[PDB]
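>>> sequence? don't have it. structure:
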Ligand SMILES: NC(=O)c1ccc[n+]([C@@H]2O[C@H](COP(=O)([O-])OP(=O)(O)OC[C@H]3O[C@@H](n4cnc5c(N)ncnc54)[C@H](O)[C@@H]3O)[C@@H](O)[C@H]2O)c1
Ligand SMILES: NC(=O)c1ccc[n+]([C@@H]2O[C@H](COP(=O)([O-])OP(=O)(O)OC[C@H]3O[C@@H](n4cnc5c(N)ncnc54)[C@H](O)[C@@H]3O)[C@@H](O)[C@H]2O)c1
């Protein structure tokens, strides 16, 4: 009876990953700033700080469960180049939403994940190139990609045989995106269930995994999604 | 009169940059947690947060100065992999010391840099590769490197004709390194005054500047220092 943990499990991608692993009879666990009442186990943190992270790790070590797959689907987006009015505020918000969660993920993986397990961070494809219109987002995502790679090392702190991977979306199909970019071709965005699907593939079948430390970019074009190992 | 502004202006490197510029008759300005009385103007910030950064820019601005060279020499080092006891602390330490200050520099440069100005962040050579034993330092430095590249773009927010560079030491000769690697051969460490001299050459001879956005690695071997643009 296999266990998955999802940091950001109340977000759009987060809850899809939960709905999906639950239909497939895995035990689902969720960590977020708000409850997700559709998970089998569901926790609230106040922030991504040391105190709150330790205190959530201890609550799961009390239920005596260890996870086979951990996905961080936590994050957020804000815009702005260095001279924009919103720049300084986008700094705090991207560090809190993207970086602290990525780092929290590492610790959580190091304490809760079983040998052989899957450890997945959500990066951003955009951050593989220049992000001069969204500096804080690009840089905090670039740090995400760096941590994913560090954790693929023997001595990185995850248990033996575990695979550390990055998933890197171009664009996701969320009600949010559909609201704030209503012009767009929705057929060029990734259904969330597709992401959950690939995540199940990797989680049930170890042979399907890409090499440890792979950043994996996915882009949807006319409803067809292509996954590329980078 | 030419102005240089230095974030981290009271640290070992930061204070050597001030001293050396002051000797070539530049006007020097220092922002740090404590004053640098050797500088011509010295400012204190209680933190690297939005409000503190707005104020010190607002202060320097209302004094009518713009700067020809900006250098961020702020930062810190802390160790630890993802499973180690000090890991969560090292996360918050490295975010506050390296990432918040690189982000603050972007803003300070966008607001105070003169057209044609030189803008330099301190990155890390080791963050070019895996930093498994020091994940928080490696990731915040990787983010620093990405900021440097975003600030090279004409859309990044720095003024027309400016040049954004990273200097990426293998090993500086600083009290920090003396403390942690006191067995080393010190002749394989870069003297801080050579860092200052290279900065000065780029500040006064715009032709000697590397490509906008280069991460410039430098390493000393038996007192011979080699600078490599990446
Ligand atoms: N949606 C897109 O088009 C797109 C594109 C590229 C990358 N991404 C990344 O996909 C991931 C999820 O996207 P989404 O569209 O589902 O986002 P969403 O905003 O719907 O969900 C994100 C969740 O993360 C939570 N969160 C924020 N900071 C946290 C922290 N520090 N610790 C724990 N939880 C935190 C939020 O509370 C929210 O519940 C994010 O990493 C996002 O950066 C999304
Ligand atoms: N030699 C190496 O191996 C190596 C490699 C790469 C980078 N570095 C970097 O060298 C740089 C300078 O080192 P040092 O020995 O002079 O260190 P130092 O500790 O003497 O000085 C750093 C200064 O930065 C200030 N500071 C810290 N965080 C700040 C912030 N958020 N905003 C403003 N000021 C802040 C501190 O108060 C201190 O005055 C740092 O950026 C460090 O990350 C060293």
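Noted; the coordinates are in hand. Numbering: from 1, shown residues only, chains lettered A, B, ... in the order given. Ligands and ions are numbered 1, 2, ... in the order given.
>>> CA atoms for contacts and neighbours, from now on please.
Noted.
>>> close to chain B, is the helix ranked longest in chain A?
Counting by DSSP state H, the longest helix found in chain A is helix A:135-150. Yes. Judged by Cα under 8 Å from any Cα of the partner chain, helix A:135-150 and chain B are in contact via A:135, A:136, A:138, A:139, A:140, A:142, A:143, A:144, A:146, A:147, A:149, A:150.
>>> Report the secondary structure state of residue A:159.
Assigned with DSSP: H, G, I helix; E, B strand; the rest coil, residue A:159 falls in the coil class.
>>> Figure out how far the longest helix of chain A is from the centre of its chain.
Mean-position distance between helix A:135-150 and its chain equals 12 Å (Cα atoms, centre = their mean, to the nearest Å).
>>> now swap in stretch A:206-224 and tell me
The chain centroid and the centroid of stretch A:206-224 are separated by 14 Å under Cα atoms, centre = their mean.
>>> got a list of contacts for it?
A:125, A:145, A:148-152, A:163-171, A:187-190, A:201-202, A:225-230 (Cα atoms under 8 Å, 6 or more residues apart in numbering or on different chains).
>>> Of the residues you listed, grab the buried ones for ChimeraX.
Applied in ChimeraX, the following selects the buried portion of the contacts of stretch A:206-224 according to 16 or more other Cα atoms under 10 Å in any protein chain shown:
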select /A:125,145,148,149,150,151,152,163,164,165,166,167,168,169,170,171,188,189,190,202,225
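>>> Out of the contacts of stretch A:206-224, list just those in helices.
Within these, residues falling in helices by DSSP H are A:145, A:148, A:149, A:150, A:201, A:202.
>>> wait, isn't the second one in contact with residue A:163?
Put plainly, it is residue A:148. No. Residue A:148 lies out of contact with residue A:163 (Cα atoms under 8 Å); the separation is 9.7 Å.
>>> relative to helix A:135-150, how tilted is the longest strand along chain A?
Identified as the longest strand of chain A according to DSSP state E is strand A:113-122. Interaxial angle of strand A:113-122 relative to helix A:135-150 (axes from the mean of the first three to the mean of the last three Cα atoms, to 10 degrees): 150 degrees.
>>> about what we covered before: any idea which of the residues of helix A:135-150 next to chain B is the one closest to residue B:32?
residue A:136 (22.0 Å; Cα to Cα).
>>> Please identify the nearest residue in space to the closest one, excluding sequence neighbours.
Among residues not flanking residue A:136 along the chain, residue A:91 sits closest, at 5.2 Å (Cα to Cα, 6 or more residues apart in numbering or on different chains).
>>> what sits against residue A:226?
By Cα under 8 Å, 6+ apart, residue A:226 lies in contact with A:218, A:219, A:220.
>>> what are the ranges of the strands in chain A?
A:3-7, A:27-32, A:41-44, A:67-72, A:113-122, A:163-169, A:215-221, A:224-229.
>>> which outside residues touch stretch A:148-158?
For stretch A:148-158, the external contacting residues (Cα under 8 Å, 6+ apart) are A:106, A:109-110, A:113, A:120-121, A:160, A:163-166, A:212-215, B:81-84, B:130-133, B:135.
>>> Name the residues of chain A found near ligand 1, please.
Selection of chain A residues close to ligand 1 by Cα under 6 Å from any ligand atom yields A:7-8, A:10-14, A:32-33, A:48, A:73-76, A:96-97, A:100-101, A:122-124, A:169-172.
>>> can we see that at 5 Å?
Residues of chain A found near ligand 1 (Cα under 5 Å from any ligand atom) are A:8, A:10-13, A:32-33, A:48, A:73-76, A:97, A:101, A:122, A:124, A:169, A:171-172.
>>> Drop anything exposed from the residues you listed.
A:8, A:10-13, A:32-33, A:48, A:73-75, A:97, A:101, A:122, A:124, A:169, A:171-172.
>>> Next up, the contacts around the spatially most distant residue from the centre of chain A.
Most distant residue from the mean C-alpha position of chain A: residue A:83, 29.6 Å away (Cα atoms, centre = their mean). Counting by Cα under 8 Å, 6+ apart, residue A:83 touches B:107, B:110, B:111, B:156, B:157, B:158.
>>> Quickly name whichever of these is closest to ligand 2.
Closest to ligand 2 out of the contacts of residue A:83 is residue B:107 (12.3 Å), distances taken as Cα to the nearest ligand atom.
>>> where does chain A come near chain B, residue by residue?
A:49-50, A:81-84, A:87-89, A:91-92, A:100, A:103-104, A:106-107, A:110-111, A:130-133, A:135-136, A:138-140, A:142-144, A:146-147, A:149-151, A:153, A:155-158.
>>> Let's see the ChimeraX selection covering just the buried ones among those residues.
The following ChimeraX line selects those of the residues of chain A next to chain B that are buried, judged by 16+ other Cα under 10 Å:
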select /A:49,50,81,82,83,84,87,88,89,91,100,103,104,106,107,110,111,130,131,132,133,135,136,138,139,140,142,143,144,146,147,149,150,151,153,155,156,157,158
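>>> Now do the same contact list for residue A:6.
A:14, A:17, A:18, A:28, A:29, A:30, A:31, A:70, A:71, A:72, A:73 are the contacts of residue A:6 under Cα under 8 Å, 6+ apart.
>>> The first one reaches residue A:8, doesn't it?
Yes. Contact status for residue A:14 versus residue A:8: in contact at 5.4 Å, counting by Cα under 8 Å.
>>> Name the residues contacting each of these two.
A:72, A:73, A:74.
>>> How about the last one: what's its closest non-neighbour residue?
The spatial neighbour of residue A:74 that comes closest, neighbours along the chain excluded (Cα to Cα, 6+ apart), is residue A:8 at 3.9 Å.
>>> Tell me if I'm right that that neighbour and residue A:34 touch.
No. Residue A:8 is not in contact with residue A:34 according to Cα under 8 Å; the separation is 9.2 Å.
>>> For beta bridges, what are the partners of the residue nearest to residue A:122 when sequence neighbours are not counted?
Excluding the flanking residues, the one nearest residue A:122 by Cα to Cα, 6+ apart is residue A:167, at 4.9 Å. Taking DSSP bridges, one finds residue A:122, residue A:216 as the beta-bridge partners of residue A:167.
>>> now do the one 5 residues further on
Applying DSSP bridges to residue A:172 gives these bridge partners: residue A:190.
>>> thought it was touching residue A:195?
No. At 9.1 Å, residue A:172 does not count as touching residue A:195 under the criterion of Cα under 8 Å.
>>> how many neighbours does the nearest residue to residue A:15 once chain neighbours are set aside have?
In space, and not counting its chain neighbours, residue A:15 is closest to residue A:9: 5.2 Å by Cα to Cα, 6+ apart. Number of residues near residue A:9 (other Cα atoms under 10 Å in any protein chain shown) recorded here: 31.
>>> Including neighbour count, could the contacts of residue A:226 go into JSON lines?
JSON lines is the format used below for these (neighbours: other Cα atoms under 10 Å in any protein chain shown):
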{"residue": "A:218", "neighbour count": "21"}
{"residue": "A:219", "neighbour count": "19"}
{"residue": "A:220", "neighbour count": "20"}
